[PDB]
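For reference, the chain that follows is the form deposited in one PDB entry, supplied as structure tokens.
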């Protein structure tokens, strides 16, 4: 492991590529203070290049042009298997957000999704747990695909090993 006691290690790259399996009680974390435009997509990929495994897509309620049947809603895409709406606290690109994903028992992959209203920051975070409908497997990768994510930060708990020196993943040289 990478620490005597559990801590979250910042990943100096554009995504978190876990080496090995997602051990129970370990987690990967992605945070941001908001984003600029378009949809916010939190994605999970697996080997075999690589392929998408699951994606959470959140549409802002504060962006002109977003269809009314999508505005302020989040959707879970699985691979494609299907797409379905999920109840998450992220409503706007002006919201701060946190994704904390883990395996509850070595099989199911789940994420705690947090949202904070930047106009009422003293009110704290609202949280919902969403099951990603997929099972964990070796060498999963986590990241964001969005336009202008503000103060994007990535973490991996110290019992996990994430790639931190690959320039192909945007890792700082």
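Residues that one form lacks are left out of the comparison. Positions refer to the first chain, counted from 1. C-alpha atoms forming the largest set that superposes within 1.5 Å between two forms make up the rigid core.
Unshown form deposited in another entry; subsequent notes refer to it.
Chemist: Tell me, which of 139, 41, 117, 112 is the one whose C-alpha shifts by at least 2 Å between the shown form and the other one, with the rigid core superposed?
Modeler: After core superposition, the one over threshold is 117.
Chemist: Knowing the Cα distance between residue 69 and residue 119 changes 3 Å or more in the other form, does it shrink or grow relative to here?
Modeler: Relative to this form, closer in the other form.
Chemist: Just list the residue ranges, at least 3 long, where Cα displacement is 2 Å or more throughout between the shown form and the other one after aligning on the core.
Modeler: Shifted segment: only 117-124.
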